[PDB]
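Structural overview for review
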Amino acid sequence: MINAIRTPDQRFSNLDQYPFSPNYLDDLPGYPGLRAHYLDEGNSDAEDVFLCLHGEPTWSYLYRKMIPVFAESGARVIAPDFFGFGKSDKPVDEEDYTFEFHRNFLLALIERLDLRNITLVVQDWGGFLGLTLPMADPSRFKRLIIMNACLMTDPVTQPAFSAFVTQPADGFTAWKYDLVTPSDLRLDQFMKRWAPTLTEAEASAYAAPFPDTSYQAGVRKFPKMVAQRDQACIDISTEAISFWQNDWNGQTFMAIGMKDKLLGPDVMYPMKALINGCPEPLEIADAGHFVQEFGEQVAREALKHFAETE
């Protein structure tokens, strides 16, 4: 129905630091015949579930340093790949990808797997989407680990969540240009530019899902959706503000990647004010947008903060 293609398995034979077994679902309501991949690590009967959402243009691979820390703490860790990325299937038309297409997949996943006592772990698009999930079924959500992310609201309600789109020229403007313009988009090259500490092998793990441009439509549409917010996106994200400010009563841990030109402190401090009970943020000076690249530390510190309240 949705025309999609699947990455050949051999593309992932040689991954670095990614020893996690695949789990796939292909009978999700609303996503007929599309196979989604997800990691399910740690004790499957655990009381606490860490739901780790990735962003643009990555995959669950991004969480490889944090997963073991969480699993070791006794928790179950779920890390899905959105349709268009990782080992999940990839719709070939950019038009198939929408804010709701991705948000509905998440609600579908959550129900099918019946996740409860969720500690939401988000960054980038994983956060633009993820922060809009709790208001749909608050009982399943208990904690939040937020890294460089915000809400896709309109410019008037929260100017901080729109300002970055236009300035600086080497921030969001550069990012989007790098992603949507090349006819021969090399993800490994893009990653090394935006996450300067990745090794060559790590960089290649980010290119692994895309043999050629035909597998990259999802990659291409995410940046455009930051630039062009549809009405459902705006309404849903606006209504999420209310949730975090008045309704949220869980534990929160915030980490900021200080070198991020996109969603740094000028986006994060404002986000901190909107989240009821958000504590002082953990500022990681050497980290850029991909906070997860300095993840072991974020994971360990968050667990310590949360334990310091049990």
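All residue numbers are counted from 1 along each chain's written sequence and may depart from the entry's numbering; residues that have no coordinates are not represented. By convention in this description, side-chain values take in all heavy atoms of the structure and omit both hydrogens and water.

**Considering the pattern of salt bridges**
Side-chain pairs of opposite charge can arise whenever the charged atoms involved come near each other. We define a salt bridge as a contact between a side-chain nitrogen of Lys or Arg and a carboxyl oxygen of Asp or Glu at a distance within 4 Å. Inspection of every chain in the model, using the stated rule, returns 20 salt bridges. A salt bridge links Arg112 to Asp27; its shortest N-O distance comes to 2.4 Å. In this pair, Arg112 sits in helix α2 (residues 99-112) while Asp27 sits in the loop between β2 (23-25) and β3 (36-41), placing the two residues 85 residues apart along the sequence. The shortest N-O distance in the salt bridge between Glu301 and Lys304 comes to 3.3 Å. In this pair, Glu301 and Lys304 both sit in helix α11 (residues 295-307), three residues apart, roughly one turn of the helix. Exposed residues in this analysis have more than 50% of their type's maximum accessible area, buried residues have under 20%, and partly exposed residues fall in between, with area computed by a 1.4 Å probe over protein chains only. For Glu301, a relative accessible area of 30% translates into the label partly exposed. Here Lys304 falls in the partly exposed class, since its relative accessible area comes to 37%. The network of salt bridges with shared partners includes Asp48, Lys142, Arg143 and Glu310. Runs of H or I in DSSP of at least four residues are treated as helices and runs of E of at least two as strands, each being numbered from the N terminus.

**Considering the UniProt feature "domain: AB hydrolase-1" in the protein chain**
What UniProt calls "domain: AB hydrolase-1" maps, in this numbering, to residues 49-295. Taken as a whole, residues 49-295 contains 40% helix and 13% strand, while its terminal C-alpha atoms sit 18 Å from one another. UniProt positions are given in the numbering used here, feature names are shortened, and annotations may be inferred rather than shown by experiment.

**Overview of the pairing of β3**
Burial analysis of β3 places five of its six residues in the buried class, the great majority of the element. Two elements, β2 and β3, share three bridges in a ladder whose sense is antiparallel. Counterpart to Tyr24 in the pairing with β3 is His37. In terms of strand pairing, β3 meets strand β5 (residues 76-80) through four bridges, oriented antiparallel. Across the sheet, the residue bridging to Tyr38 is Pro80, located in β5. Should DSSP find at least two bridges between two strands, the strands are taken to pair.

**With respect to the environment of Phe105**
Take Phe105: it is sitting in helix α2. Overall, the relative accessible area of 1% leaves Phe105 in the buried class. Placed 17 residues apart in sequence, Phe105 and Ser88 show a C-alpha to C-alpha distance of 12 Å. Contacts are assigned to residue pairs with any non-hydrogen atoms lying within 4.5 Å of each other. If we skip the residues at most four places from it in the chain, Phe105 touches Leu28, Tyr31, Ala36, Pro80, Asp81, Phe82 and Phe83.

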